[PDB]
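Using ideal geometry, Cβ is built from the backbone for each residue, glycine included, and neighbour counts are taken over all protein chains shown. Since every read-out is calculated from the coordinates, none of them should be taken as a lab result.
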Amino acid sequence: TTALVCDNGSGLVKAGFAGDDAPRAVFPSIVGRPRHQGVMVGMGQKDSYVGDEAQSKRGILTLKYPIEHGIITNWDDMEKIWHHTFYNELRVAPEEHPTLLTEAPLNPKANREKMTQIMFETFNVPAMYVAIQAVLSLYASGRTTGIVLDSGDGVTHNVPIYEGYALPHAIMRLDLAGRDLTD
Amino acid sequence: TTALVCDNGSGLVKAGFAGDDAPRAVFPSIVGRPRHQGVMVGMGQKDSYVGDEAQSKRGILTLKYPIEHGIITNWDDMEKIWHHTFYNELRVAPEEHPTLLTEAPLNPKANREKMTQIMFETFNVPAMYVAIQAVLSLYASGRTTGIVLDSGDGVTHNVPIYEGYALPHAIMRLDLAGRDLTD
Amino acid sequence: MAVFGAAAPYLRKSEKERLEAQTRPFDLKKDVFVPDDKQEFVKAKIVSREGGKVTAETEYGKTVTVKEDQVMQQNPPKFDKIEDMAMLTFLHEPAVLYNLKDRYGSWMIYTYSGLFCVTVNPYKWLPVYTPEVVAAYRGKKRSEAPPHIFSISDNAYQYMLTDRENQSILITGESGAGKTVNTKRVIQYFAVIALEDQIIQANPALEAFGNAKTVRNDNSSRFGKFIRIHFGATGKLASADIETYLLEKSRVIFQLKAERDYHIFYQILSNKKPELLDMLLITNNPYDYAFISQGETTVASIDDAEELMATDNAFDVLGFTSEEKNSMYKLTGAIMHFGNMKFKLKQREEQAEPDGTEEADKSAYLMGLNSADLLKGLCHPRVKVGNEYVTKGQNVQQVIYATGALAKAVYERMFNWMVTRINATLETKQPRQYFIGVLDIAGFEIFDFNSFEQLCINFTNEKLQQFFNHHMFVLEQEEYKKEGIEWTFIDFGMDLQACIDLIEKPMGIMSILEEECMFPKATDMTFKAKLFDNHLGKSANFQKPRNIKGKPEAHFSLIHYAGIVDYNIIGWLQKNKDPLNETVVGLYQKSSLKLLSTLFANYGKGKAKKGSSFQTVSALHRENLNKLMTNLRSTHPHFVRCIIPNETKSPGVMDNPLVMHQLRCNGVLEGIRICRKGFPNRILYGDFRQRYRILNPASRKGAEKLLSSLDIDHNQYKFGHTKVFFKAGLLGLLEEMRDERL
Ligand SMILES: Nc1ncnc2c1ncn2[C@@H]1O[C@H](COP(=O)(O)OP(=O)(O)O)[C@@H](O)[C@H]1O
Ligand SMILES: Nc1ncnc2c1ncn2[C@@H]1O[C@H](COP(=O)(O)OP(=O)(O)O)[C@@H](O)[C@H]1O
Ligand SMILES: [Mg+2]
Ligand SMILES: [Mg+2]
């Protein structure tokens, strides 16, 4: 079999199979709901637009981000995001694909616990693992030492690694990110 | 055949074949252990860095000298030092090579007995001998009389010798040495 | 024997001469084999066994003493010159060597070896291959006919005609020892039983693009040539289909110090054709080119000039025009100029930029590309993410690896396209019913400086040997169920597969090597440390290397069917990577030359497409070997072994270590070892009565009574209804007590 690498991120969900040089599906992590009434009868609008589809209907929806700074705050929206990613984007059954997930440092343990519970129960993934963003960034950079500054849309943090050994007491996390820049 | 002259000392292990003008391998006698956890997988870090390798990884290791004051207090570390000296720095199998050892005057008999036992049992050297670190220095000076002051890193001692006859009752030993100066 | 004309003597000696040669002095007690220093063993007589000291007088007159725990019997005269090694009374490692030696001394070229066929190339013309033998041979079965290639060929033809299943022929031997002429005579026999000229005409084209000079052989072949011979519905020759497998790409870029590259580049540098050199702007000095000068520059293997002209003539008389030939030469010249590319670091960045561009300009001019576009593609490869294209950064090491991978890939595509063109030209319009496959593969080459290229060949040969062992086990079980004598049902595959599972399976040597190159800080010391951690003591085949006679380097030693082999780690990590570049392949597809045909297709609802970076030579090798095994296993196999008699051209003389090495790499020792654990000696009841009834002068009751008086243990024999099986020791005991009886 083959492994599946899913990166929830923040403001952009990117996923794809392991051994690929680039993620297959990249789309914003947005769940939108219609805020108006709707007068035409027969079309039958769905009650939730998820993913890149909400960008097309941006003018008649209330876009809500399921996560604020790394931490998931609206879990149901996150099941919707993961279901969309697994079915309408990759078109694969997660029943036979191990899933690798990426998660920021210095976050509540309940977050990881709920993530693993959702993966094992709702989607019945055979196996899964959770890793730190900085270690993956250092992997992709062709390096074994050096301090890495990971600044996404949710949170900015630095993790120093020397010779494959981390320095947990030197990890600094700053909540300033792209969303605050937009505001 | 040839004889190996190992000089453990304290803080510097120096060795080489007999008849050479100068020692062949000189490196600090320290054993390093990683005090962090390691986040990068697949590298396969060894659990103990020994010899001159530990000097290059000072920032992620804790260094313990296996010899405090002449005597050996951590026998596993000393065995690791000896194995490294025999198999990496010199790259010679001690199965067919006699070894000459040195130690300071006025040391516990258990230390010498355990050194002899380890060197016949673990390494199976054909023969071995222990000499006082001061008499050898007297040989190296082309003299046969006079006193010699061997101030190393572990212990400082004086051995008066006249016409090749040592005077045991006049030997003075002092525990002040280079380590105390560094502290 | 009158049917076999005047070629019978070589084919089979007469009974009269056999009986005349039967009676000659031989003492079984003290004329046994003895170890030797010059060779593995020599023929000698032992004066006496004086404890742990013996005195053996060899034919050279030596009186050397040997240890008593490595002495072993010699073949009695009544069993000498046996046609089949499986029927030999005592199975010993050099006994087969000496039997073959004294058979070639009397010029018996062909010898049965159970499921194997041993054929040593004669150095003089023989009447055996006269077509009068071929015409009159038909009507004889494998069992009755003396050994020859025609016997197994007719057996395979009969199996195809009656059993209605495909049959395949597997030949093993070093190139240049007569393999080509052997295949020529085999296809001639096939034509007689009903396109040999076309095959002979197209052979030099494949030979010139697939052979290279190594230390062992000056004309060593690498790729796994495979020809399928099709037949009509009525069992008549219809057409031939040719395929290629397991072509090695590492030879193109990395060569050993004492070995050459493919003959292509050296042949192009021939000065007798001046037009190609000036029209391609090729530097006439081989020293200047980087890809070629690393290996040995030139040897007196074959004079390249008239060989090149012969290949050009063969292409000219073939179906396609000269423009395709010119495209071939210009593409090869472009491959040559890929080593002149140079790259340097930038101002204040880790990115790499070219310094010289003249070689880039000329290469782009030849390929019909743009130099600026090619340089931009090499330095800044475009990649697709989601729905948007982004550009990736490359340093010097990655761009050098990509340059090498492109050169290897384009050569592979050119070779495959040439093979397809040859197959199309060879193709006739006849229908293709059941086929007869012919497989040629490189042998189990052994060096004192084994590396990755030799490792792949050894692993392939070991897989083939495991397949042969499984087939022989199936045949033995079939014979057992036919005779109703069925015991020892344990399979003979897993014993060899234990070594296979430490190469191809996960956590194997190949898997760890493939993973290690992906880690961006891997080094040879780390790779060796990981191998020792994961295999030393944990596996039953990985073990420490041995330093013998001042060998240059050894890092680890494996155990195979051919013995102990050690490989050198140094240099493996660098040459395993094959990172292809997608944007350069797109640029080739956008080119104005024929090159787009070769790179026409190259690299959601379930995908496992490996990325360009995640590309290793080892993975491609495993995939090709697996796809070959999914094809060969579908046909009933037959085996042909070719053995060189001596290193020199002089006929008659032999080199015993050379014959030992040939036997070891051919797996004959493994075959006899597998045969010896069961009951290899099988004699009919009538023959046993006419030979051994005289021992107790006086059929199940009679045989039982006779064997009960010979003190034969119950577990030493198997009592059947048609044939009775005996152990090797029983035959020796019977021979000795017959000797004392007479
Ligand atoms: N070219 C650019 N210039 C400036 N900001 C950018 C650019 N591209 C993306 N961003 C910002 O980066 C954010 C996306 O960050 P992302 O990598 O998805 O974070 P995470 O990995 O935590 O999901 C967007 O919100 C956007 O504001
Ligand atoms: N020139 C110097 N100046 C100051 N300290 C020195 C000098 N040379 C050596 N030392 C000290 O001496 C110590 C090593 O002494 P050494 O004779 O190697 O002891 P041992 O023989 O017990 O190993 C080191 O710790 C070092 O600090
Ligand atoms: Mg991120
Ligand atoms: Mg000292």
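For residue C:372, the conditions (1) in contact with a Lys or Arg (Cβ under 7 Å, 6 or more places away or on another chain); (2) of a type outside the set (S, T, N, Q); (3) over 18 Å from residue C:580 (Cβ atoms) all hold with the exception of (1). The set of residues from region A:1-10 being assigned to a loop (DSSP other than H, G, I, E, B) and either within 16 Å of ligand 3 (Cβ to nearest atom) or among the aliphatic types (A, V, I, L, M) (or both) comprises A:3, A:8, A:9, A:10. With the requirement that a residue be of a type in the set (D, E, K, R) and more than 16 Å from ligand 3 (Cβ to nearest atom), what does region A:11-59 give you? Once the filter is applied, which keeps residues that are of a type in the set (D, E, K, R) and more than 16 Å from ligand 3 (Cβ to nearest atom), region A:11-59 yields A:20, A:21, A:24, A:33, A:35, A:46, A:47, A:52, A:53, A:57, A:58. Evaluation of residue A:152 against the conditions (1) closer than 25 Å to residue B:58 by Cα; (2) more than 8 Å from chain B (Cβ to nearest Cβ) shows that the sole unmet condition is (1).
Residue-level check: of (1) part of a helix (DSSP H, G or I); (2) away from chain A (no Cβ under 14 Å), residue C:517 misses just (2).
Evaluation of residue C:447 against the conditions (1) part of a helix (DSSP H, G or I); (2) of a type in the set (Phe, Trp, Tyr); (3) under 18 Å from the mean Cα position of the chain (by Cα) shows that the sole unmet condition is (1).
When residues in region A:157-176 are screened for being in a strand (DSSP E or B) and within 23 Å of residue C:522 (Cβ to Cβ), 6 of them pass.
Do you know which residues across region C:718-742 are outside any helix (DSSP H, G or I) and within 22 Å of residue C:78 (Cα to Cα)? Talk me through it step by step, then tell me what you get.
The initial filter retains those residues of region C:718-742 that are outside any helix (DSSP H, G or I), namely C:718-727, C:742.
Selection gives C:723, C:724, C:725, C:726, C:727, C:742.
Of all residues in region C:704-742, those that are of a type outside the set (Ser, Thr, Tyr) and over 26 Å from residue C:73 (Cβ atoms) total 4.
Starting from residues that are within 18 Å of the chain's Cα centre (by Cα) and among the small types (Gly, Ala, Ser), keep the ones in region A:141-172 and report whichever is farthest from ligand 4 (Cβ to nearest atom). Selected residue: A:154. The residues in region B:51-84 that are within 17 Å of residue B:121 (Cβ to Cβ) and out of contact with any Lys or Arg (no Cβ under 9 Å at 6 or more places or on another chain) can be counted, and the count is 7. Would a scan of region C:473-490 turn up a residue that is surrounded by 15 or more Cβ atoms within 10 Å (Cβ to Cβ), more than 29 Å from residue C:259 (Cα to Cα) and among the small types (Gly, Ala, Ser)? For region C:473-490, residues surrounded by 15 or more Cβ atoms within 10 Å (Cβ to Cβ), more than 29 Å from residue C:259 (Cα to Cα) and among the small types (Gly, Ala, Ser): absent.
What strands (runs of 3 or more DSSP E), lying completely within region B:11-110, carry at least 2 residues that are away from chain A (no Cβ under 14 Å) and of a type in the set (A, V, I, L, M, F, W, C)? Working first, answer last.
On the way: elements: B:13-17, B:25-27, B:31-34, B:61-64, B:99-103.
It comes to B:13-17, B:25-27, B:99-103.
In region B:51-67, the residue that is farthest from ligand 2 (Cβ to nearest atom) out of those that are touching a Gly at 6+ places or on another chain (Cβ under 7 Å) and under 26 Å from residue B:103 (Cβ atoms) is B:54.
Selection of region C:719-735 for residues being of a type in the set (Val, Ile, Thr) and either more than 17 Å from residue C:696 (Cβ to Cβ) or loosely packed, with under 15 Cβ neighbours inside 10 Å (or both) yields only C:722. Identify all residues within region A:161-177 that are within 14 Å of chain B (Cβ to nearest Cβ) and buried (at least 17 other Cβ atoms within 10 Å of the Cβ); write none if there are none. The answer is A:161, A:163, A:164, A:165, A:166.
Can you find even one residue in region C:297-308 that is under 23 Å from residue C:410 (Cα atoms) and crowded, with 16+ Cβ neighbours inside 10 Å?
The answer is yes; a qualifying residue exists.
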